């Protein structure tokens, strides 16, 4: 029961922060992506620079949701903003959905 | 520092009660599994017995058959030992699984047993959990069976069953008190030396129970002979041990090894971890041995060693004294004299004995949905029942005929078949019947075809059984208040439809006179439930059951099985019997089944058959938790049902009473109810002397046992009655008719009179008065016991030998919230598929109102709930609104007057209404707006809290106090005011959408565009909030209050331009263009005053506005750049519906027109409402048939839309300041419903529990018409003749 409630609350906040895509056709987008080849702090600095350059509401900026390893991490954001930020990352940085 | 002991007992303890308690357990999966697997292992081990011993073992399907034999003393030693072991293990498992007891551990617990508990002792000391214990427990059950069989074999070899046994098994031991063991041994030795007995038949000392008591064992005859030698003051007591045990002179290691040869060898056997106290053996402590080794030790102790029962306590205490403990907390299971165990053990210890704590309440609650009992063997709740009976058209008329004791039997009406040709007192012709009487339905051919999508020619060819099944199923579904797909349990694929039928007379005699396209589908019996599955779009099973005169009950059984297995969540169980084929009656008469004089004279001394009675009945069924969660009207519960066959009868037709008594005992045992719990018995009572007497004898024997002294065991009266004396024999619906009678009796708390007995009681029956059972000849009160339930037993038998019976229980105590619906105005909705049905519904509703005018206050909220959220709304519709019930009555009466006068009803258009959602600006925002909704709607409160959290996240003022305090509106800053306005608009739009409001277009006015954009899908909630907050922040930081102002002028623009001195754009600015004769100018204070003076000089009305800042003027110039940047941050997206933008004076349908340039132009440009509305009208988006909804604190924009579109366009307001919020909401919803909209009524009443209750509103006003095919020319009496 607790897990159901937690999922429902996270879903409420997420759906309030963004809208389902027009071409979703039932499937649910992904709010997270693993980034490899860059240290967690350097990726945080990249996020901060992207936020400063771009104009973003404080409740829509991408955030570092996990620090997996010394060269791997997980970054989360709304589908559109996550897609926009990920393309800013160039090789040899790896992105996984 | 307090040890515990798990002490098990021997066969002396009576374990039948424990067996029954364990069999009744329902809420423990592990206990149920153990009790299901133990009997199979026991039967498998019994199949491996000797030839002699297998003829002295009974056949049992379940352990519920060994309890009566265990009590009667007719159980052989093997089965008795196994049952003792099963009881002990089950009690331990139930205690330590359902009781949430910590499993014994080798540091705080010990085990102990005596001669049968030494097996369970090792079984429990080997495991570490209940799951790890079950298999060892089954192994131990097998070992116990073998041990008992071996002892029984030796005993039977040593002696013969005396000629005066007659089932019972004689005791082989007796307790002797008053003499020390060392002296009773000398007595035995002297008696042996004197009597000169064989060394194997000599009595022996089988136990040392104490310092002046012991137990001596021997064969019955020798035991009696030796006991007769014992004199006072020595006392002798006879124990129930039926085989020799503890005999070193009768058993050797060979027997011990044979007993334990059912355990296959392996190296995976567990050892024993919890120490076991073995007081009989040389060493008291036993730990480390494997499972089979310790099991063989236990068997050896039980067969070869004498019980040292005088050293158990001293042993246990010693163990406790070894570990340094100071007290013992005994935990005996099925032990005898257990109450003394604790004091006896603690007598040897220094002390410190202390009490024990409490159970700690239920020890945490169960999660919602986990508080139930498994679907297997759960009560089956009855939700509603409808039916057509003789001289009746409802259940209420059925009770009228019952309570008044009427005899409905009559001759055959001419509609079915003639009587001057089809009947004779002395039938001499073929197919002629000796009887002609029956209880008929004279409105069987009365159907509402159009309601069920049936052609006028398809209807006459449908069996009246199908038509009446459809009618009664629809009525019962309405009464239960269940709508397809309404909830989880009413999903269209979780609803099966079982039925019971036994004839197709319509096919045989009525529709076979001219075969046509609907012959097969009309007549076939599978279509009876097929039509119910099809029309209501139920996609679950659909069966018809034919067990002759028990079908309806048999079918019922089927449904329950499904409910118990999970195939369906809801069942529609019916039963129909319509008589139209004369040959069926002729053959029932030729077979000597029909009374030749009248109705069924049940219990009468002149009972000579039965009378056929037509009837149709339908019931709605669910599992009890399903009906409790859905808040359904529960009438009764079914606790159990079973079936068997009367195979041992002396013929195919006539019944047999032994099988009936077995069935009754089986259902009583499965339900766990004693004979006293049942209060009524609706007997089959067909009206046959032999059958009536046999059924009465079986019923009284089961429920009214007679004591050995000839008295009665019942402490309360018992009543027996038969429906068939009133309405007759249905032969397919008899069970459902009886169930309907029971439901009515439970409803009215009465027992009707009996009318079958006409002259005198039947002399074959038992003496009912002596048994405390009565046949009420006059109606009797049947009150429901306080804090209790009324339980009934129902039976139904068939001429084919099938017997069905069930047990009924009173529905639980209803506990409504009893809360007061805070609302003021309520709606009542009525619907129909025909104008005539609309009139009928209105008339019946006003009649119900008249009957229920003065009940209470909750009646109106509950009636609104029942009419809105628990009904299916057809095309023709009607609605009423009121604050009390009399207003509802008057409104509906006026509507009925209009309808009757000639105002024909028109169905609402198939598509329904189209809604344009107008959003209002920040003009009419007053104090305490939305507080009513914020308090009386949970979704609104959640949305407001979410918006508040979001806003506080992005550094914006909280908008929560604005919906709670109402004292903050005075100090509300412009940014706070605009944030509150936007949040209110969004929350209100979402609230209206959740009620079924779908916008075909959205138009805002200078602040409602943002919320209109969100409603269109361009922006998200967070984007809208951020954009509005940032715009307000810019306005507040840059601009200064008071510099500018705006003026509303009611005159054309041309006149305003001509009158004012100077050109537009420089002298002033057209801030808003709302209508042809409404405009708003904007400018500085000096310019505003000059324009006001100039305009008033020309006699034109002007009004001021209280806007602190300026909007749509030049004062917003120094903030446009930054705003643009902010507008770039958002994530614009294509809208689902057109956005009527006044900033561009257009109607946007693409994201190409929603760039940041748009969000600067809107701020700076003017509100060209007129152009935007004109463009929308030209495109055809807006017209008169559209309906406007104002999402804002006042209906201002809807006025502009009304002016633009025309003059006969309906418009509605969400809230206001001079009206009631719920009054407006009710008017809006009523007009939407009348338009043809599909309102989400269930969400309306969600937050008001007080109105959650289904009332027994009148039935649908069927526009019945007569579709009937007439049997003509008496051809059924010439089946085989030529045209002579």
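Protein chains in written order, with the deposited numbering: chain B, 146 to 242; chain A, 5 to 1288.
C-beta atoms are modelled at their ideal positions from N, C-alpha and C, and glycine is treated no differently.
- Beta bridge pairing from DSSP links residue 218(A) with 180(A).
- When DSSP reads this structure, residue 116(A) sits in a beta bridge with 11(A).
- Secondary structure note for residue 723(A): it is in no alpha helix (DSSP H), and the uninterrupted beta strand (DSSP E) holding it is 722–725.
- Residue nearest to residue 1249(A) within the set 380(A), 536(A), 57(A) and 866(A) is 866(A) (criterion: CA-CA distance).
- Shown here, residue 1050(A) sits in a strand according to DSSP, grouped into three states.
- If you ignore the 5 residues before and after residue 692(A), its C-beta comes within less than 7 angstroms of the C-beta of 611 and 613, all in its own chain and listed in chain order.
- The count of Cβ pairs closer than 8 angstroms, one atom from the segment 400–415 of chain A and one from the segment 484–496 of chain A, stays below three, leaving the stretches out of contact.
- In this structure residue 1273(A) does not touch residue 585(A) by the C-beta definition: roughly 13 angstroms separates them, more than the 8 angstroms allowed.
- Distance from the Cα of residue 23(A) is smallest, within the candidate group 273(A), 1099(A), 66(A) and 587(A), for 66(A).
- Contact note: residue 982(A) does not reach chain B at a C-beta cutoff of 8 angstroms; the least C-beta distance is about 17 angstroms.
- Using a Cβ-Cβ cut-off of 8 angstroms, residue 164(B) is close to 1021, 1024 and 1137 of chain A, given in chain order.
- The three-state reading of DSSP puts residue 210(B) in strand, counting E and B together.
- Residues 206 of the same chain have their beta carbon placed closer than 7 angstroms to that of residue 196(A), with the five preceding and five following residues left out of the count.
- Identification of chain A residues near residue 202(B) by a Cβ-Cβ cut-off of 7 angstroms yields 958, 1026, 1030 and 1133, ordered along the chain.
- At the C-beta level, residue 680(A) and residue 718(A) come within 9 angstroms of one another.
- Here residue 208(B) is exposed: its Cβ has fewer than 16 other Cβ atoms, across all protein chains shown, within 10 Å.
- With its beta carbon less than 9 angstroms from one in chain B, residue 950(A) belongs to the interface.
- Shown here for residue 754(A): same chain residues with a beta carbon closer than 8 angstroms to its own, the five before and five after excluded, namely 407, 783, 784, 785 and 786 in chain order.
- Taking residue 1092(A) as the centre and dropping the five residues before and after it, the same chain places the C-beta of 1049 and 1051 closer than 7 angstroms to its C-beta, in chain order.
- Here residue 649(A) is actually not in contact with residue 808(A); their C-beta atoms are around 11 angstroms apart, not less than 8 angstroms.
- As the crow flies, the alpha-carbon of residue 1070(A) is around 15 angstroms from that of residue 1170(A).
- Among the CB atoms of chain A, one or more fall inside 9 angstroms of the CB of residue 223(B).
- Residue 523(A) and residue 536(A) have their alpha carbons spaced roughly 18 angstroms apart.
- Around the C-beta of residue 924(A), 16 or more other C-beta atoms lie within 10 Å, and the residue is accordingly described as buried.
- Closest by C-alpha distance to residue 664(A), out of 735(A), 72(A), 810(A) and 587(A), is 810(A).
- Contact note: residue 146(B) reaches chain A through 371, using a C-beta cutoff of 7 angstroms and chain order.
- For residue 1260(A), the closest alpha carbon among the candidates 1238(A), 763(A), 387(A) and 182(A) is that of 387(A).
- Between the alpha carbons of residue 429(A) and residue 769(A) lies a distance of about 31 angstroms.
- 452(A) is the residue among 452(A), 1242(A) and 1202(A) whose C-alpha sits nearest the C-alpha of residue 1264(A).
- For residue 813(A), the uninterrupted beta strand (DSSP E) segment begins and ends at 806–814.
- In the three-state reduction of the DSSP assignment, residue 866(A) falls in the helix class, which pools H, G and I.
- A straight-line Cα-Cα distance of about 17 angstroms links residue 325(A) and residue 116(A).
- Here DSSP, grouped into helix, strand and coil, assigns residue 919(A) to strand.
- Out of 1276(A), 436(A), 158(A) and 1238(A), the CA that lies nearest to the CA of residue 877(A) is found in 1238(A).
- In this structure, DSSP gives residue 1107(A) an extended state, which the three-state scheme calls strand.
- Rounded to whole angstroms, the gap between the alpha carbons of residue 174(A) and residue 158(A) is 15 angstroms.
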